[PDB]
K.L.:
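First the structure, then my questions, so here it is.
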Amino acid sequence: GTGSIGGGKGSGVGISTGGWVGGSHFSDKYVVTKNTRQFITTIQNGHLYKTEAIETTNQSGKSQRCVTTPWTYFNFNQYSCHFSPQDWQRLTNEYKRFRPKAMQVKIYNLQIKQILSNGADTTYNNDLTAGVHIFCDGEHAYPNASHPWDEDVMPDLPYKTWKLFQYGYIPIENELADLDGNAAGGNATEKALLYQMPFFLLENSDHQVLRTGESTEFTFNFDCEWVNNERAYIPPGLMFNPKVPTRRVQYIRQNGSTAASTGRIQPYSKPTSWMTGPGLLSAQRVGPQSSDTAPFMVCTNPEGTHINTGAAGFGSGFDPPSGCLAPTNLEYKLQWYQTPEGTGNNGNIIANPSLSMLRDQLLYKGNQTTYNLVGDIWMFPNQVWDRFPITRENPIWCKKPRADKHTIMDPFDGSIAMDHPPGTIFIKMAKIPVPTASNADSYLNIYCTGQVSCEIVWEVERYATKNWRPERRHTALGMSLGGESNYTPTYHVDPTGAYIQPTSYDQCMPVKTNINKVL
Amino acid sequence: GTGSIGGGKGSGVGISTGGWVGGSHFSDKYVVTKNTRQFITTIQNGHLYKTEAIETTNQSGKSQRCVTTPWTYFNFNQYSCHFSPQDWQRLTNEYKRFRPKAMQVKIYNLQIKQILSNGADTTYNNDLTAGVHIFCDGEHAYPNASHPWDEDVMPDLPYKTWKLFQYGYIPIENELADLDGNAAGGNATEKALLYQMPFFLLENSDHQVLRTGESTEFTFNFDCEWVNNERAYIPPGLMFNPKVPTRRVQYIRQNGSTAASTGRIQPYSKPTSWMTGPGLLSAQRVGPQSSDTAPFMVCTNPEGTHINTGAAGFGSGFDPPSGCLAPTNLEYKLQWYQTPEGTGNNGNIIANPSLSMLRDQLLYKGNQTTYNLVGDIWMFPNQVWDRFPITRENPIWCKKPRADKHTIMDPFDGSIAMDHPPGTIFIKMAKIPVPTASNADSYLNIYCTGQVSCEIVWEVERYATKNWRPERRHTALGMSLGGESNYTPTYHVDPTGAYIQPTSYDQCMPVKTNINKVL
Amino acid sequence: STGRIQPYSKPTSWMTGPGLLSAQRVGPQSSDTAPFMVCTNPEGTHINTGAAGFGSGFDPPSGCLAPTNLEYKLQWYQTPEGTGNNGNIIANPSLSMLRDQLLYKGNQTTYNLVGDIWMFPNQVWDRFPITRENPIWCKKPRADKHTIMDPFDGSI
Amino acid sequence: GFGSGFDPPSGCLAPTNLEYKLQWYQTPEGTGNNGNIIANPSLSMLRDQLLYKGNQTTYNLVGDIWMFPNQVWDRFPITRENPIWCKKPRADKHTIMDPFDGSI
Amino acid sequence: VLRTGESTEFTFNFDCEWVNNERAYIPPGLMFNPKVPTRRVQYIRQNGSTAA
Amino acid sequence: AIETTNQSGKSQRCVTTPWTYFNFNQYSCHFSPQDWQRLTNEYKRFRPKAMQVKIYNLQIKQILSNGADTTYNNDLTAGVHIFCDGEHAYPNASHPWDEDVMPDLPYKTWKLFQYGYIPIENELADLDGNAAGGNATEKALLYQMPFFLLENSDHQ
Amino acid sequence: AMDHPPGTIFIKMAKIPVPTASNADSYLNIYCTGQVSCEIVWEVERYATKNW
């Protein structure tokens with residue numbers, strides 16, 4: 001049902017630079033997702049680079065220093081971006097693993113409008129000679145624009161308008177520069193940090209400038225590890241045959257009155273060579289919602305401790321701490337809101353056990369009498385665990401920090417650590433100077449709308465099982481009713497046009513809950 | 001993990017004529033199922049062709065006449081035969097339609113044992129020179145051996161032994177020959193029916209005779225209509241847009257005091273051109289469990305009615321009558337037992353609404369005041385309906401009767417009417433005569449065991465949908481616990497080795513419940 | 001009660017073929033007596049209760065059903081001089097089991113003969129057995145829509 | 001709200017009342033008896049058919065005539081104001097498709 | 001997506017049954033010749049006083 | 001299922017199969033004490049490179065038990081099913097330090113052990129468990145508990 | 001620890017059905033003896049030392 005486009009192959013105002021793409025194609029080895037959004041970008045910071053310091057004192061809740069830029073950026077990092085709930089269901093039901101392979105982004109059909117405000121009404125007219133600056137940072141030569149679990153992501157519904165967020169970054173750890181700080185300290189390393197605090201201008205590189213008849217296109221080739229969709233039906237410790245005897249001997253030392261005994265290990269409990277995976281349960285969250293509450297605080301202090309007992313502005317919180325361990329409290333569970341309007345207990349989704357036996361692991365230390373839970377299990381030889389089951393609402397990737405030494409990279413939120421994730425596309429409108437009598441900068445008030453199309457080829461692979469029995473699958477019967485009068489199902493739309501969100505973790509259709517693997 | 005077979009390529013005792021095949025392979029266009037069973041066949045009727053007449057009088061419950069044969073036969077007609085519950089789940093979740101394409105049956109690794117009974121113990125020794133007669137009737141030159149919903153089918157679990165049933169057939173409709181019948185009737189057409197009553201001997205054709213080192217193989221190419229796995233989310237009558245006005249006028253005649261009115265048909269109810277599919281709700285079942293209780297009785301009486309008000313032995317019951325209509329009572333619902341040991345309300349599965357909108361149809365006849373349900377809706381122009389949703393426990397095919405004229409063939413049990421279904425493989429052991437002093441026939445008591453492997457190529461086709469929302473799927477979470485202590489799930493095995501059956505219709509995973517189609 | 005269907009009566013998927021037994025013939029030999037009258041009236045009914053000149057008679061009505069009376073049996077004369085009961089041949093049951101079909105509707109207590117069985121899915125029947133004295137063909141009417149063509153007299 | 005209405009029911013039968021006749025408005029502003037067009041007999045003899053069941057004494061009109069062997073009829077005569085096509089529902093089984101409004 | 005200088009075009013090939021414009025001047029039941037005799041016999045069962 | 005209560009000492013659930021298996025995993029299997037001595041005295045490292053297993057000279061005997069004595073006779077047409085699971089598509093048959101291993105002395109007879117596996121962690125399904133708990137994740141584990149039949153694959 | 005250790009060889013005897021009057025499964029009582037030969041090539045490497 002594709003029409004033949006008429007009109008010449010030329011270019012300019014009155015010729016569109018691309019069409020709308022949408023929908024997925026499933027195959028055995030590949031899944032192709034196509035998504036187009038209409039985006040809107042506006043002037044940021046009045047075309048200025050600014051810095052901001054909180055100066056802590058708990059007013060904001062810690063000490064941050066940020067530089068905000070005139071730029072905005074595209075954030076594609078999330079699965080709901082690329083998959084409809086239908087397509088995500090099909091992916092997690094029909095395939096044991098998948099990874100992104102190739103990516104193609106087009107920015108096209110650009111429209112710059114001048115904003116004319118007279119009194120109480122505002123008008124919008126084309127300025128056809130206005131440009132927009134666009135470039136991708138693929139070298140990661142600038143601070144990353146996006147961080148996992150941000151609300152800046154592409155809209156889930158294809159017909160919603162995507163408003164870009166302002167780009168900004170933290171030039172320095174602000175608590176490490178207290179300025180005067182303490183008087184008898186004679187601050188030096190604090191000034192030394194400020195003198196070498198970097199400053200980044202996107203204007204320091206080459207940009208493409210697009211007028212309304214131009215378009216631009218970016219391609220990216222993923223070299224990626226697979227995200228696996230498989231469930232362990234047993235722990236690795238149960239891989240034995242309980243009827244078979246073992247050669248192994250268990251010596252039990254003298255316990256109180258009970259004499260030291262030796263004997264053959266029972267057939268139904270055989271020793272395992274495989275250990276609980278890493279995780280930290282010992283810490284608890286601190287302080288009011290306003291501060292940084294994470295149970296572990298990862299700080300870098302070059303000088304003399306004194307983290308002000310509340311972590312001050314030193315460091316960032318490490319959450320979730322528990323890793324693959326069974327969370328012993330709600331604090332340790334990954335939790336988010338479906339909507340930027342979510343608050344409190346409304347609109348929040350708590351991650352639930354996937355019922356995979358490589359997750360929710362625990363370690364118990366025997367004394368002579370009993371077993372006690374080991375709070376902090378560190379990285380140890382012979383640990384095996386599965387990754388956090390990712391839903392359609394999880395971030396896809398995180399960027400690996402550039403560093404000399406790193407341990408196993410398995411972010412506990414479930415995002416894939418990548419050496420070179422897709423580059424961020426930065427976009428701002430050309431500053432249009434307005435002639436002014438004084439030296440105060442005045443500009444023309446303009447905004448740009450356009451279409452972005454993302455197209456990802458997913459390398460995918462199906463499952464084969466010798467299991468006799470029907471496996472668990474994701475089904476619409478696990479959905480719930482919502483909206484006004486509560487007659488609208490989960491991924492449907494409200495009578496007001498509101499898109500009903502999943503209220504539970506299973507409605508988000510996590511991976512590793514369905515297809516069984518033999519250990 | 002296939003080994004290299006050693007020993008020469010020759011043949012005889014001590015060389016196996018084939019290996020075990022099992023398991024399925026799924027693809028986009030094809031599914032291959034492989035099944036092997038160990039079967040046992042024994043002597044039937046003491047090597048005789050016998051006839052039997054009931055002579056009705058309600059003792060058996062009607063008048064049947066059957067000829068039983070020394071032969072036994074293979075019955076492959078059912079889906080549980082060819083698909084594990086896992087593979088069936090995958091078929092009905094991942095594909096919108098499927099059909100059988102090619103079929104291959106091997107009979108091999110035959111063993112004939114002599115049965116030696118001395119006193120209270122019996123011994124089994126090889127007789128290596130004994131044969132078994134095997135032939136397929138692909139021309140359907142003999143009465144069909146199997147009828148849909150028989151218990152003679154291949155065992156569901158691959159490791160169960162398959163005992164073949166004796167072949168037999170009804171040579172004549174017995175009530176039509178009452179012999180003396182009525183005295184003043186002067187029975188003639190009754191004798192005329194008996195004189196031309198056919199008699200069939202399988203010995204009238206060519207057979208393959210196999211000794212223990214021989215094997216045999218049959219192939220069949222299906223030319224078949226697709227069994228569709230798709231759900232109508234709306235009736236065909238809702239295909240309109242309720243906001244759009246219609247040109248159509250509805251004139252309502254004068255009803256009592258209410259004056260005759262004319263006006264525009266309301267936008268939210270637009271007239272449809274499509275009619276409820278066929279079905280018969282008016283009949284009820286008759287009589288005790290012992291008789292033939294079906295609500296409709298399909299009889300052929302060449303002479304003078306008098307069906308004895310209980311249908312006598314005239315005709316057979318037509319069930320289920322309701323077709324695609326919404327069953328108004330339990331009587332009209334397809335119901336079976338999972339086990340030949342099922343009785344009463346134990347072990348029975350009642351078909352439930354698939355929630356497809358091309359099923360469960362109803363027609364209401366307006367009088368002036370109200371609407372009343374139309375009991376018997378016959379075949380009518382512009383009727384559309386979906387086929388009965390078939391589960392893994394349904395028969396696959398039925399044979400189309402050879403007849404001059406036939407209407408649309410849509411068996412209400414859900415089996416596919418075929419002109420030439422796969423031929424029945426008949427097997428009996430060679431009669432081994434024992435020398436006897438008298439003329440009374442004595443034979444050597446022997447039985448045969450062997451392996452049958454069935455291999456079907458299924459032409460299959462996947463679905464694509466523009467639906468945004470997650471569709472319903474079959475999941476293990478709809479299974480139930482059973483067995484002793486009731487800790488064993490549905491398709492698992494009991495502590496006693498008993499195979500837990502599905503207790504509900506949805507655990508059988510019917511088709512047309514999952515993948516949506518746009519009408 | 002619920003229970004296993006008895007082995008000697010198994011349910012069938014196949015239905016009695018079409019036929020109409022409910023009508024009877026009308027009026028004296030002089031008129032058109034057929035039990036069913038197939039009429040086309042473009043205006044205002046009033047078929048004069050005797051079918052008038054509206055329409056033609058549909059006979060035999062019974063199709064493949066077992067005829068319940070002499071009226072439903074195909075009957076002709078061998079000779080143009082045949083009259084009355086002289087020279088007439090009545091079609092008799094061929095003793096084929098795809099003919100002479102009947103349908104019985106169960107109430108709870110008993111089974112009653114279904115008079116009018118219409119075209120229905122899964123009906124199979126054989127054509128009227130033709131003798132040497134039957135017509136061979138009839139011409140299909142030129143028309144937009146037609147159901148299965150199986151003239152009940154047996155002509156092709 | 002169960003189900004949709006099936007109209008016109010009469011098919012190729014002679015409509016016995018105004019209710020059974022196809023009727024529409026020429027204009028979206030048509031209301032009542034103003035602007036309405038009632039389908040009239042085309043005077044084709046494959047339309048306006050009737051069936052009469054003889055008892056012994058007389059003939060009575062058969063109300064519901066179902067699909068039956070050896071039925072022949074013409075399609076509803078279509079005017080310039082009729083719809084051309086309708087889409088066949090996707091379904092496993094269907095009888096003869098002859099929408100009574102006359103659309104293909 | 002079309003701007004003002006663009007156009008688009010769709011083509012479709014009907015595979016269709018004919019809509020027929022023809023009138024039947026007689027019913028199919030009148031196709032006979034009323035002068036010709038028929039071989040067919042009509043038996044009328046006994047109706048009340050009227051003999052079969 | 002044990003149902004724990006310390007009777008066996010914990011809660012296990014196992015499915016036992018008609019199958020038996022070969023377990024080659026141990027060094028005493030492959031090396032005489034002499035050869036092992038020579039390996040550990042003369043070499044700084046070693047690894048297995050290629051492996052070849054033959055199963056041959058098969059004998060199936062029928063076991064005839066009459067009273068207090070039992071006889072053994074050949075049934076020459078009897079088969080044995082053999083397959084290797086190299087894809088590890090089924091639960092592992094063997095676990096390290098099992099007594100199912102090949103005999104150390106070459107002239108000892110090797111009796112195969114029955115194959116079996118743990119389908120689920122049994123304590124995670126307590127069935128009724130606690131009443132106020134309203135067990136769901138426990139039933140959810142049982143519904144998806146796998147079941148493996150070796151007959152689901154090809155055998156020689 | 002190996003990603004793909006040698007596959008397990010499974011062996012059972014063919015179930016030999018015995019004809020029985022009831023539906024209770026009876027089988028022929030049989031056992032199999034045979035020879036298994038394992039042959040492993042070991043890649044091995046000798047030592048050299050400057051130890052006196």
Side-chain angles (χ1 to χ4, degrees), chain A residues 22-27 31 33 79-80 82-95 156-158 229 391-392 460 462-463 470-482 487-493 499-504 506-511 513-515, chain B residues 26 28 88-98 227-235 238 352-359 386 389-391 460-478 505-519, chain D residues 90-92:
Chain A
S24 63
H25 182 64
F26 287 84
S27 175
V31 174
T33 56
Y79 289 100
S80 293
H82 308 289
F83 293 97
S84 66
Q86 181 64 252
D87 291 343
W88 180 259
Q89 193 193 10
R90 190 173 194 169
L91 182 70
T92 57
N93 284 338
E94 295 187 354
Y95 300 101
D156 188 6
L157 293 172
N229 188 31
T391 60
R392 179 178 169 269
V460 80
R462 296 186 182 277
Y463 66 91
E471 287 174 347
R472 178 182 180 173
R473 298 288 175 268
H474 293 297
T475 183
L477 296 178
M479 304 302 170
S480 64
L481 297 67
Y487 51 76
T488 303
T490 293
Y491 293 101
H492 203 67
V493 291
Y499 182 66
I500 309 304
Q501 297 301 320
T503 57
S504 67
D506 287 343
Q507 295 174 339
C508 295
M509 295 175 284
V511 296
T513 180
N514 291 342
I515 299 164
Chain B
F26 287 84
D28 280 343
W88 180 259
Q89 193 193 10
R90 190 173 194 169
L91 182 70
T92 57
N93 284 338
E94 295 187 354
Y95 300 101
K96 55 179 287 180
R97 55 171 187 173
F98 59 94
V227 40
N228 299 127
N229 188 31
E230 280 174 342
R231 189 183 75 91
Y233 63 88
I234 53 168
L238 288 179
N352 292 132
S354 64
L355 272 59
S356 178
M357 295 296 105
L358 283 170
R359 299 286 294 175
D386 263 2
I390 56 103
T391 60
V460 80
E461 196 263 329
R462 296 186 182 277
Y463 66 91
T465 190
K466 307 308 286 187
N467 185 26
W468 181 255
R469 279 176 46 77
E471 287 174 347
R472 178 182 181 173
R473 298 288 175 268
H474 293 297
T475 183
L477 296 178
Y505 176 75
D506 287 343
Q507 295 174 339
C508 295
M509 295 175 284
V511 296
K512 300 174 180 180
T513 180
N514 291 342
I515 299 164
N516 291 338
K517 60 183 176 180
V518 167
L519 277 204
Chain D
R90 293 182 176 89
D92 295 344

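Naming: A, B, ... by sequence-line order, numbering from 1 per chain. No hydrogens, no waters, no symmetry mates; every other heavy atom, side chains included, goes into these values.
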K.L.:
Is a side-chain donor or acceptor of A/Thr391 paired with a backbone partner of A/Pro510 at a separation under 3.5 angstrom?
P.N.:
no
K.L.:
My understanding is that only one of A/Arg392, A/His82, A/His474 makes a side chain to side chain contact (heavy atoms under 4.5 Å, CB included) with A/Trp88; could you say which?
P.N.:
A/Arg392
K.L.:
Verify, without hydrogens or angle tests, whether A/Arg472 (side chain) and B/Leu477 (backbone) share a donor-acceptor contact under 3.5 angstrom.
P.N.:
no
K.L.:
Check the side chains of B/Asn228 and B/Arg97 for a donor-acceptor pair under 3.5 angstrom, ignoring hydrogens and angles.
P.N.:
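No.
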K.L.:
Checking the side chain of B/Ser356 only, and the main-chain atoms of B/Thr513 only, is there a donor and an acceptor separated by less than 3.5 Å?
P.N.:
no
K.L.:
Hey, what do you get for CZ (A/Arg462) to OG (A/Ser27), rounding to the nearest 0.5 Å?
P.N.:
7.0 Å
K.L.:
Is A/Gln86 close to B/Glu471 at the side-chain level, that is, under 4.5 Å between some pair of heavy atoms?
P.N.:
yes
K.L.:
Answer yes or no on whether B/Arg90 is positioned over the face of B/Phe26, meaning its NZ or CZ is under 6.0 Å from the six-membered ring centre and within 45° of the axis.
P.N.:
yes
K.L.:
Once rounded to the nearest 0.5 Å, what's the spacing between atom CD1 of A/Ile515 and atom OG1 of A/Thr92?
P.N.:
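The CD1 atom of A/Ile515 sits 8.0 Å away from the OG1 atom of A/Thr92.
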K.L.:
Pairing donors with acceptors under 3.5 angstrom, does anything connect the side chains of B/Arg231 and B/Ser354?
P.N.:
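Side-chain D/A pair, B/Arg231 to B/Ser354: absent.
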K.L.:
To the nearest 0.5 Å, what is the distance between CZ on D/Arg90 and CG on B/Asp386?
P.N.:
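These two atoms lie 12.5 Å from each other.
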K.L.:
Working to the nearest 0.5 Å, report the span between NE2 of A/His25 and CG of A/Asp87.
P.N.:
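Interatomic distance, A/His25 NE2 to A/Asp87 CG, rounded to 0.5 Å: 11.5 Å.
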K.L.:
Would a 4.5 Å heavy-atom cut-off, applied to side chains only, mark A/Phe83 and A/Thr33 as touching?
P.N.:
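Yes. Closest side-chain heavy atoms under 4.5 Å.
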K.L.:
Flag the pair B/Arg469 / A/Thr490 as yes when at least one side-chain heavy-atom distance between them is below 4.5 Å, and no otherwise.
P.N.:
yes
K.L.:
Using 4.0 Å as the upper bound for N to carboxylate O, is an ion pair formed by D/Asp92 and B/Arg359?
P.N.:
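No.
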K.L.:
Can you name the ring-ring contact (aromatic ring centres under 6.0 Å, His included) partners of A/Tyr491, sequence neighbours left out?
P.N.:
none
K.L.:
With side chains defined as the heavy atoms from C-beta onward, is the minimum distance between A/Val31 and A/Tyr95 less than 4.5 Å?
P.N.:
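Of all side-chain heavy-atom pairs linking A/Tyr95 with A/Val31, at least one is under 4.5 Å.
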K.L.:
Closest approach of B/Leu358 and D/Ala91, non-hydrogen atoms and distance?
P.N.:
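Nearest pair, atom of B/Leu358 first, then D/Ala91: CD1-CB, 3.7 Å.
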K.L.:
Looking at every non-hydrogen atom in both residues, tell me the closest pair between A/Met509 and A/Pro85 and how far apart they are.
P.N.:
CE-O, 3.4 Å
K.L.:
Any side-chain heavy atom of A/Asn93 within less than 4.5 Å of one from A/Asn514?
P.N.:
yes
K.L.:
If I compare all heavy atoms of B/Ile390 with all of B/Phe98, which pair ends up nearest, and what's the gap?
P.N.:
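Looks like CD1-CZ, 4.4 Å.
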K.L.:
With the side chain counted from C-beta on, respond yes when B/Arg473 and A/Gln89 share a heavy-atom pair under 4.5 Å apart, and no when they do not.
P.N.:
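B/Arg473 reaches A/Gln89 side chain to side chain.
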K.L.:
Who are the side-chain contact (heavy atoms from CB on, under 4.5 Å) partners of A/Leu157, not counting sequence neighbours?
P.N.:
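Here the qualifying residues are A/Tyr159, A/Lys160, A/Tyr499, B/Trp468.
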K.L.:
For B/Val511, is there any backbone N or O sitting under 3.5 Å from a side-chain donor or acceptor partner on B/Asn229?
P.N.:
no
